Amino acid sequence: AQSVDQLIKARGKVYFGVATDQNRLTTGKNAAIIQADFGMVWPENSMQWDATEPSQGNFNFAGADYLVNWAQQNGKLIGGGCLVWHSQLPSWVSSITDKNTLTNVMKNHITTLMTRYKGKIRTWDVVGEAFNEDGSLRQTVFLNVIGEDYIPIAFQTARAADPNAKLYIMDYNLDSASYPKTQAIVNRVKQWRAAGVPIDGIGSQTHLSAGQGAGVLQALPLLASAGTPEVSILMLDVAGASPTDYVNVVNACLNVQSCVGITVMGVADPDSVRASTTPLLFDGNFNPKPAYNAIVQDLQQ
């Protein structure tokens, strides 16, 4: 049928993307759909810390290499991440108690991953899920051991490793303008950038319930008011996959000049972590759902 990536590019955006990995690319009809309809791929798991650095200084790149090679052969942009994210850490990192040791470990992790793929990765998610729901910083091993400087250090280290990449901070529950986490991340990113921290983007990890798409029309412009060169929608899925919810999210990005694109959490409903809510754009037979066709219609205008 029609490609949402082709159409969103024709409207002046950069991509419509999807998360995947080697497993998915060799099963189902995922590779054919990604080839035809999406312009950017992200590794769901193969670039996370537990997958890439299972013991200190010893890296495993097999799965990440597979994705990067596949993307290059198929003409797709690549996003990578997450470089610093508490929920994907191997136990050897979480057990470090010394500030200088953890700082060097974090810098080496960032530099090694980014150097390997230098010039090939459009966007890196550098820090993920750093905020509590009340807007304070989440008390992870990095905050407890290094302190709040871990965020500036991570971004500075990433900028030096690959100056071509766009560097993002990413979080979830940024879907409502009035929710405390949303204004908190805006305030902190503005302050960090004023201090010279190279944060190029805010990525909103958008997991919606039915009817919540409309709120993104106000939340996304508010995130853009932090002044980063880019914002994006990441990890998108919507319980019930209503066309209304999906079109509202797409229109939010179209309405925000600095929104470069949208990435969905996967291809087909049965492979979702909440499959019983049928929250994706393709069904269990790999056919496009009404929400896919509604996005196509919205973009053709």
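So that there is no doubt, residue numbering starts at 1 and follows the sequence shown.
- Across the two stretches, 134 to 142 and 76 to 84, the PDB entry reports the greater mean Cα temperature factor for 134 to 142.
- Mean CA temperature factor is higher for 85 to 93 when stretches 85 to 93 and 119 to 127 are set side by side in the entry.
- Comparing the C-alpha B-factors of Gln48, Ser276, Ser232, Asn30 in the entry, the top value falls on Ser276.
- The residue among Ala62, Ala241, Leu236, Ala268 whose C-alpha carries the highest B-factor in the deposited model is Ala62.
- The entry lists a Cα temperature factor for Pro163 that places it in the highest third of the chain's modelled residues.
- Ranked within its chain, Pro288 lands in the middle third, by CA B factor from the PDB record.
- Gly203 sits in the lowest third of its chain by CA B factor, as recorded in the PDB entry.
- In the PDB entry, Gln22 places in the middle third of its chain by CA B-factor.
- Ranked by C-alpha B-factor against the other modelled residues of its chain, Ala210 falls in the highest third.
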